[PDB]
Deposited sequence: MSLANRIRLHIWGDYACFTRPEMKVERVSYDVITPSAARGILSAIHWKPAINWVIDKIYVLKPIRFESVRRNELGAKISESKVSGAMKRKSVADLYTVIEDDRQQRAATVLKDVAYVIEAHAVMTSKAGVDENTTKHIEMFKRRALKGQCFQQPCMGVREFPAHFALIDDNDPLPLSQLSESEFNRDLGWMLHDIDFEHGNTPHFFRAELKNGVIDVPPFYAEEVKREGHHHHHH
């Protein structure tokens, strides 16, 4: 539904969504994972009553990498921006009659102020994620993606972990990655 839906514009000069299979040195995935996106949303607003579910990731800027020094080196994304489209689900630990409305409204209110509970980051603590709510009557940023980077098979990527990793087939279709339901 439109009532249970948020859009958050995020950007940063650097990002590192670490690929789990590359163990020698830290190497980022090509785009933000659902896992990292959900972290970013939860940093703005979270309570045990709810879980944020990622629906779409809009990729706005060309995929580019730089090797940078770790305080050792890591290969990280440079100059990223996304839109995260998500909704809330109630957990088994929610109030008997509780709904998503107050949580959606609190998320948006916090986000509009540029406020956050803990600073969101782009995959690793050293890279902060700047953010802006895309409220209902604001437009989506335009993609700056190459006609030829608009559609890309990103391959198997971490969807999320149960603290046990679960992967999904990430496909960029006209600048957007649709994220399937986490559970089987």
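Missing residue ranges, deposited sequence indexing starting at 1 = Gaps vs deposited seq, in order: 1, 73-105, 198-201, 223-235.
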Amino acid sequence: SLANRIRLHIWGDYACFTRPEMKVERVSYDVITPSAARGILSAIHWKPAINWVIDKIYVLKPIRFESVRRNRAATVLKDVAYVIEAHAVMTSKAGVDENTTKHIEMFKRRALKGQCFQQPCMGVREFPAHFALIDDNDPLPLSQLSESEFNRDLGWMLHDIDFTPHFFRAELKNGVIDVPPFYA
From here on, numbers count along this sequence of modelled residues.
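Check the entry's C-alpha temperature factors for 152-160 and 62-70, then say which stretch has the higher mean.
-> That would be 62-70.
Which of the two stretches, 138-146 or 52-60, shows the higher mean Cα temperature factor in the record?
-> Per the PDB entry, the higher value belongs to 138-146.
Per the PDB entry, which option out of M90, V80, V83, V76 has the greatest Cα B factor?
-> The record points to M90.
Candidate residues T33, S28, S42, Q119, the one whose C-alpha B factor the record puts highest | When the deposited C-alpha B-factors of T33, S28, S42, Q119 are compared, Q119 is largest.
Could you look up the Cα B-factor of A184 in the entry and say which third of the chain it sits in: lowest, middle or highest?
-> Top third by C-alpha B-factor.
Of the three thirds of its chain by CA temperature factor, lowest, middle or highest, which one includes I177?
-> Bottom third by C-alpha B-factor.
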